[PDB]
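Working notes for the structure below.
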Amino acid sequence: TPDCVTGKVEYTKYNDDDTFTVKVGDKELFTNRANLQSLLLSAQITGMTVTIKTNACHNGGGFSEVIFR
Amino acid sequence: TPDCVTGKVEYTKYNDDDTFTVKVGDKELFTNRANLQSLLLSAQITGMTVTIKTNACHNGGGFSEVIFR
Amino acid sequence: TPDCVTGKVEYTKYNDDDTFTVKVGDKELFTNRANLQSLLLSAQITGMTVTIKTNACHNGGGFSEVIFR
Amino acid sequence: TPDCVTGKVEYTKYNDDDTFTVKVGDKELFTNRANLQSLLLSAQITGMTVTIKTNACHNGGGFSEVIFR
Amino acid sequence: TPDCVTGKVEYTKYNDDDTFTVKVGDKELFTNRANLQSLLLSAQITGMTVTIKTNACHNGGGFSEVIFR
Ligand SMILES: OC[C@H]1O[C@H](O[C@@H]2[C@H](O)[C@@H](O)[C@H](O[C@H]3[C@H](O)[C@@H](O)[C@H](O)O[C@@H]3CO)O[C@@H]2CO)[C@H](O)[C@@H](O)[C@H]1O
Ligand SMILES: OC[C@H]1O[C@H](O[C@@H]2[C@H](O)[C@@H](O)[C@H](O[C@H]3[C@H](O)[C@@H](O)[C@H](O)O[C@@H]3CO)O[C@@H]2CO)[C@H](O)[C@@H](O)[C@H]1O
Ligand SMILES: OC[C@H]1O[C@H](O[C@@H]2[C@H](O)[C@@H](O)[C@H](O[C@H]3[C@H](O)[C@@H](O)[C@H](O)O[C@@H]3CO)O[C@@H]2CO)[C@H](O)[C@@H](O)[C@H]1O
Ligand SMILES: OC[C@H]1O[C@H](O[C@@H]2[C@H](O)[C@@H](O)[C@H](O[C@H]3[C@H](O)[C@@H](O)[C@H](O)O[C@@H]3CO)O[C@@H]2CO)[C@H](O)[C@@H](O)[C@H]1O
Ligand SMILES: OC[C@H]1O[C@H](O[C@@H]2[C@H](O)[C@@H](O)[C@H](O[C@H]3[C@H](O)[C@@H](O)[C@H](O)O[C@@H]3CO)O[C@@H]2CO)[C@H](O)[C@@H](O)[C@H]1O
Ligand SMILES: OC[C@H]1O[C@H](O[C@@H]2[C@H](O)[C@@H](O)[C@H](O)O[C@@H]2CO)[C@H](O)[C@@H](O)[C@H]1O
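Chains as they are written, first to last, in PDB author numbering: chain D, 401 to 469; chain C, 301 to 369; chain B, 201 to 269; chain A, 101 to 169; chain E, 501 to 569.
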């Protein structure tokens, strides 16, 4: 799956349908994988660089793949 | 959904019916989403600014949407 | 529900029936709410003041309500 | 249940059958309680003293009771 | 089960099929055990040494056993 954005997590958002949004770089993206919610908030709190990989690389696009560095 | 309050979490409370209350700004609000309990206590501990979005923007009102910054 | 004890958590204990005991002030109290285990150990680690509310305010009494400050 | 060992946790191990081993003092002990995995790793990271109570107080013995201080 | 690699976690990756990859030493390995995701990210954040044990000790090999030190 191609790299879409790499950077520090700017903010996260819990959504009404239980999906989770993250803003990294210039994109707001969401995931429906519940296991990623605490992992991404941890990455946000500790200032980790993340790379999100998705073919839906546009604002509001979905993803499931993330690299934590 | 409109912004209701933005600020640091002043306290949280676990309730007898397993919902979770947070006090942000001048409002006490609750959520029935279990996944948000550890996320909100983490935001409280680390001093994150949160924005809660809800149409029930009054003391005792419910919410599911939260932005963590 | 009335306030029973307020203070820093002295110790916590996982029990054989999967309930969780906490010692705050002069009371040892337990809860059967699984969601509260990680929250209470976080409060213990970070030195938060907690208030436990319960009508069974005696050693070995049960509770479900907790305020984290 | 009697005290078996007290001390800082030296290491933990996730096992192939999803049980979790801890080494405290001179004993390696395991638990089948999933809820204890994150609690014990937190105790390890923060240097907490733990007391494990079990009647199977020997290397490879099972436990469910733990006091976190 | 034999030791395969020991070292600090270089990066972790959440995968599209909900497995989790870790790079330790010269190997990229994955696990299908959901409970290990938060444990491994905690080990990564805090700089813990981990040892992964697996008979599939090659890039892309699976594991379930991990020692955290
Ligand atoms: O978390 C939501 C969702 O994330 C992942 O899917 C993403 C989009 O939601 C999904 O529409 C997108 O599908 C692609 C196909 O991968 C591609 O082969 C096809 O040509 O175009 C569609 C539309 O762009 O894929 C992205 C991730 O690449 C995840 O796969 C999915 O299960 C779900 O978790
Ligand atoms: O966590 C509890 C609850 O939070 C969210 O719902 C909130 C209130 O509980 C709910 O009564 C409120 O209803 C709104 C309608 O959505 C809106 O269309 C109408 O105009 O006004 C009523 C009353 O304010 O909605 C808020 C959220 O804005 C969440 O949606 C719900 O599922 C549940 O989690
Ligand atoms: O986690 C265990 C338990 O905690 C909460 O209940 C507590 C006691 O376990 C319960 O026996 C006690 O019951 C009270 C009633 O609240 C009171 O109205 C009646 O007059 O006397 C009885 C006996 O003391 O209540 C406390 C909490 O105040 C929690 O409510 C319960 O669901 C369970 O989680
Ligand atoms: O996590 C595994 C297991 O831990 C607890 O049980 C422990 C041993 O696994 C179990 O074999 C042992 O049994 C005791 C009897 O309870 C006792 O009555 C008899 O005298 O001796 C045997 C052998 O030592 O008990 C220990 C705990 O003391 C936990 O109870 C069990 O449910 C399970 O979680
Ligand atoms: O998380 C994925 C997976 O990890 C563990 O299995 C690993 C490989 O996925 C599995 O193919 C491998 O099988 C071994 C046999 O157990 C062994 O008897 C034989 O000699 O070699 C094969 C191939 O290496 O085992 C490793 C772990 O050593 C875990 O056991 C499995 O349930 C699953 O979680
Ligand atoms: O305590 C060390 C070992 O724990 C686990 O095995 C225990 C127990 O020791 C053993 O006798 C029993 O057959 O299985 C238990 C787990 O269900 C691990 O599986 C071992 O690798 C040791 O770490």
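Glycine included, each C-beta is placed from N, C-alpha and C at the ideal position.
Between the beta-carbon of residue 463(D) and that of residue 450(D) there is about 11 Å, and that puts the pair past the 8 Å contact cut. Counting the other Cβ atoms within 10 Å of the Cβ of residue 512(E) gives 16 or more, which makes it buried. With contacts defined as CB atoms closer than 8 Å, residue 454(D) and residue 401(D) qualify as a contacting pair.
Interface with chain E (8 Å Cβ-Cβ cutoff): residue 141(A) is included. Residue 406(D) sits in a strand when the DSSP states are folded into three classes. Interface annotation for the region 234–263 of chain B against chain C: 235, 236, 238, 239, 242 and 246, criterion Cβ-Cβ distance under 7 Å. Contact with chain C is found for residue 265(B), since one of that chain's Cβ atoms lies less than 8 Å from the residue's Cβ. In the DSSP secondary-structure assignment, residue 467(D) is bridged to 451(D) and 513(E). Following the DSSP letters along the chain, one finds residue 446(D) inside the alpha helix (DSSP H) bounded by residues 435–446. Taking every residue with its beta carbon within less than 6 Å of a heavy atom belonging to ligand 4 gives, in chain order, 216(B), 101(A), 131(A), 132(A), 133(A), 154(A), 155(A), 156(A), 162(A), 163(A) and 164(A). Using beta-carbon distances, residue 532(E) does not count as an interface residue toward chain D, since no partner is under 8 Å.
At least 8 Å separates the CB of residue 420(D) from every CB of chain E.
In this structure, residue 166(A) and residue 136(A) form a Cβ contact; the two beta carbons are roughly 7 Å apart against a cut-off of 8 Å. Distance from residue 359(C) to residue 328(C) at the Cβ level is roughly 5 Å; contact confirmed, criterion being Cβ atoms closer than 8 Å. Distances taken from the Cβ of residue 121(A) to the heavy atoms of ligand 6 include one shorter than 7 Å.
Contact of residue 313(C) with chain B by beta-carbon distance below 8 Å involves 265, 266, 267 and 268. In this structure, the CA atom of residue 314(C) is about 21 Å from the CA atom of residue 215(B). Distance from the CA atom of residue 438(D) to the CA atom of residue 304(C), rounded to whole angstroms, is 24 Å. CA-CA distance, residue 556(E) to residue 123(A), rounds to 26 Å.
The closest heavy atom of ligand 6 lies 7 Å or more from the beta carbon of residue 110(A).
Chain order gives the chain E residues near residue 116(A) as 501, 564 and 565, where near means a beta carbon separation below 8 Å. In this structure, DSSP gives residue 125(A) a state outside helix and strand, which the three-state scheme calls coil.
In this structure, residue 525(E) and residue 507(E) form a Cβ contact; the two beta carbons are roughly 4 Å apart against a cut-off of 8 Å.
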